[PDB]
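Chains A and B, in that order, are what the protein sequence lines are. Read the first sequence against the working numbering and you will find it ends at 392, with the numbers running on by one and no gaps. Read the second sequence against the working numbering and you will find it ends at 114, with the numbers running on by one and no gaps. By construction, the Cβ of each residue, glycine as well, lies at the ideal position given by its N, Cα and C atoms. Remarks on the structure that follows.
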Amino acid sequence: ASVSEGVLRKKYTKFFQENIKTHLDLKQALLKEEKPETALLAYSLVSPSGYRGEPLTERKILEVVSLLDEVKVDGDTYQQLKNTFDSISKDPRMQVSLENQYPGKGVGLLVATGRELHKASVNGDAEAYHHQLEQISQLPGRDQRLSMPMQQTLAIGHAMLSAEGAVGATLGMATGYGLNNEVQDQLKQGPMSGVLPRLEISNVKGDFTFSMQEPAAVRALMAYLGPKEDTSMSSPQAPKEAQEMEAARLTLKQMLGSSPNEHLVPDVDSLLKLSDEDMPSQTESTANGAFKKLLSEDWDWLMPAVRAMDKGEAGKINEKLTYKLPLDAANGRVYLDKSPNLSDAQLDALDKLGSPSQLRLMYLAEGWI
Amino acid sequence: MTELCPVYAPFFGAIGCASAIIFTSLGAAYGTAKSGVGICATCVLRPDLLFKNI
Numbered sequence: 024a025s026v027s028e029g030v031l032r033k034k035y036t037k038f039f040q041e042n043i044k045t046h047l048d049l050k051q052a053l054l055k056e057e058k059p060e061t062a063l064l065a066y067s068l069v070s071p072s073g074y075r076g077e078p079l080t081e082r083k084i085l086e087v088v089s090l091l092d093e094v095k096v097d098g099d100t101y102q103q104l105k106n107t108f109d110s111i112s113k114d115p116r117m118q119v120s121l122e123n124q125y126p127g128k129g130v131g132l133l134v135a136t137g138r139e140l141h142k143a144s145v146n147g148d149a150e151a152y153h154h155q156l157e158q159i160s161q162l163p164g165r166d167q168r169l170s171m172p173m174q175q176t177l178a179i180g181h182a183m184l185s186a187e188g189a190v191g192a193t194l195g196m197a198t199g200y201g202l203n204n205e206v207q208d209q210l211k212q213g214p215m216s217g218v219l220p221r222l223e224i225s226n227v228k229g230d231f232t233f234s235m236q237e238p239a240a241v242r243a244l245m246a247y248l249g250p251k252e253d254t255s256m257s258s259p260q261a262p263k264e265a266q267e268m269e270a271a272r273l274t275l276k277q278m279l280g281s282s283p284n285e286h287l288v289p290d291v292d293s294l295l296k297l298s299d300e301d302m303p304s305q306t307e308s309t310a311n312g313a314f315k316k317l318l319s320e321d322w323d324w325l326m327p328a329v330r331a332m333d334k335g336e337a338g339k340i341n342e343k344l345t346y347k348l349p350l351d352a353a354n355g356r357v358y359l360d361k362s363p364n365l366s367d368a369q370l371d372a373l374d375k376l377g378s379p380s381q382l383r384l385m386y387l388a389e390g391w392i
Numbered sequence: 061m062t063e064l065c066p067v068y069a070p071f072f073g074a075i076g077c078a079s080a081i082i083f084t085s086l087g088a089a090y091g092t093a094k095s096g097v098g099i100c101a102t103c104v105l106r107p108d109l110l111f112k113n114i
């Protein structure tokens, strides 16, 4: 019971009824009730850079995200999120995370069609990987507050890239805008994702502000939460500014479910591999191969294997994921069984990992292992 | 161009040369594809007869 959401825009219909198209006196129309300790907190999502150089001073999404943050039931979890985020936006390790995921801030028809269909299929598998990853955090023992909107952002971006690749291949094959806008607004319906704080950045270059409902900032956040803490930055012998940022980094990394001594470095490169200090511990690479074999053979074998693995039952995986399907052969239907043929050397390694950290399962679904 | 040797006289020979392999291959293909389905149904249980039912 970590988080709950709603999608009916008629309960708090006063702040969205008229033409409230200005951040000026938007907080002045925000009181409107007995809201005193729950009115200025919802404005704090758009308070730093929501007027100071803001285009249009509002939009349809930027104001609807503020009144879907009903916090009247309890205001402790999102208060800890507002204290944890933006206390993390001080170190240069977060600054370089927002630079690798950002810019500076005939037969050729067959080749181009092959590029576009590869884009479609690769960005289409990962959406399914994330749809079977938001039912893993439905299990008891997980969280649903930081995990649920973080991996509902990535599936939307992968669905958009898949539709973009298919529209590109179709438009290129039938020859050698209104279609990409028709798939963009369609994914804006359904459920409603919970909010995360805004992560404003003020460095020597300027006052930047990212969104965390865009997949680039989400994809840049989990790369920051990867590495383990070193011999510095947590000891009480250089206590300069580290107990406010490294404690916040560790409480986010634990809120995902990762231990403080897990490394999890991204591996997508054209360079040489992870050398030896960022290279895994030979009971993790075997486990990662077991997870990749579970993903590659069925669309429903990751969540029950994680459910069994949290109970310490990770040797019983071969006989709990087996199920029977029919085969109409030349001698009648036979009802063979599909089962994940895990070897023993990767069935005991899943005993080494007690519970899969959600951060590991999100590098698994994004392709960084 | 002769009375006894017309020009269309190789036509019947080239039709008869083709039709000797066409119809025998068609019948042999029916025999193979009809026996082989019965082999692949019989020899799943009891695979000992696989070189005997060939």
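The secondary-structure analysis by DSSP pairs residue 225 of chain A across a beta bridge with A/230. Residues of chain B whose Cβ lies closer than 9 Å to the Cβ of residue 354 of chain A are, in chain order, 100, 101, 102, 104 and 105. Around the Cβ of residue 73 of chain B, a 10 Å sphere holds fewer than 16 other Cβ atoms; the residue is exposed. Contact fails between the stretch 335-342 of chain A and the stretch 62-82 of chain B, because fewer than three Cβ pairs, one in each stretch, are under 8 Å apart.
DSSP places residue 355 of chain A in the strand class (E or B) of the three-state scheme. Nearest C-alpha to residue 245 of chain A among A/279, A/33 and A/41: A/279.
Of A/384, A/200, A/188 and A/298, the smallest CA-CA separation from residue 165 of chain A is found for A/384. For residue 346 of chain A, the enclosing beta strand (DSSP E) begins and ends at 346-348. Between residue 46 of chain A and residue 81 of chain A, the C-beta gap is smaller than 8 Å, which places the two residues in contact. Close to residue 97 of chain B, with beta-carbon spacing below 8 Å, are these residues of chain A in chain order: 353.
The C-beta distance from residue 111 of chain A to residue 313 of chain A rounds to 33 Å, too long to meet the 8 Å contact threshold. Nearest in C-alpha terms to residue 150 of chain A, of all of A/25, A/175 and A/160, is A/175.
Ranked by Cα distance from residue 269 of chain A, the first of A/40, A/109, A/95 and A/301 is A/109. By alpha-carbon distance to residue 254 of chain A, the top candidate from A/242, A/238, A/96 and A/284 is A/284.
Per DSSP, reduced to three states, the secondary structure at residue 292 of chain A is coil, with no helix or strand assignment. Shown here, residue 50 of chain A sits in coil according to DSSP, grouped into three states, outside any helix or strand.
Taking 4 residues as the minimum length, the alpha helix (DSSP H) runs contained wholly in the stretch 41-95 of chain A are 63-66 and 83-90, in order along the chain.
Under the three-pair Cβ rule at 8 Å, the stretch 175-184 of chain A counts as touching the stretch 232-251 of chain A. The C-alpha of residue 362 of chain A is placed about 29 Å away from the C-alpha of residue 143 of chain A. With a cutoff of 8 Å on beta-carbon distance, residue 155 of chain A and residue 322 of chain A are scored as near each other.
For residue 146 of chain A against residue 185 of chain A, the beta-carbon gap comes to about 4 Å, under 8 Å, which counts as contact. Residue 346 of chain A and residue 122 of chain A have their C-alpha atoms roughly 46 Å apart. Residue environment analysis places residue 31 of chain A among the exposed positions, since fewer than 16 neighbouring C-beta atoms fall within 10 angstroms of its C-beta. Per DSSP, residue 128 of chain A is not a residue of any alpha helix (DSSP H), being assigned neither H nor E. Comparing C-alpha distances from residue 133 of chain A to each of A/311, A/198, A/163 and A/263 shows the shortest one belongs to A/198. Excluding its 5 nearest sequence neighbours in each direction, residue 309 of chain A has C-beta neighbours in its own chain below 8 Å: 368, 369 and 372, listed in chain order. In this structure, the CA atom of residue 298 of chain A is about 33 Å from the CA atom of residue 228 of chain A. Leaving aside the five residues that flank residue 196 of chain A on each side, the residues in its chain whose CB is nearer than 6 Å to its CB run, in chain order, 136.
By the neighbour-count definition (other C-beta atoms within 10 Å, threshold 16), residue 194 of chain A is an exposed residue. If you ignore the 5 residues before and after residue 107 of chain A, its C-beta comes within less than 7 Å of the C-beta of 271, 274 and 275, all in its own chain and listed in chain order.
The straight-line gap separating the alpha-carbon atoms of residue 159 of chain A and residue 381 of chain A is approximately 9 Å.
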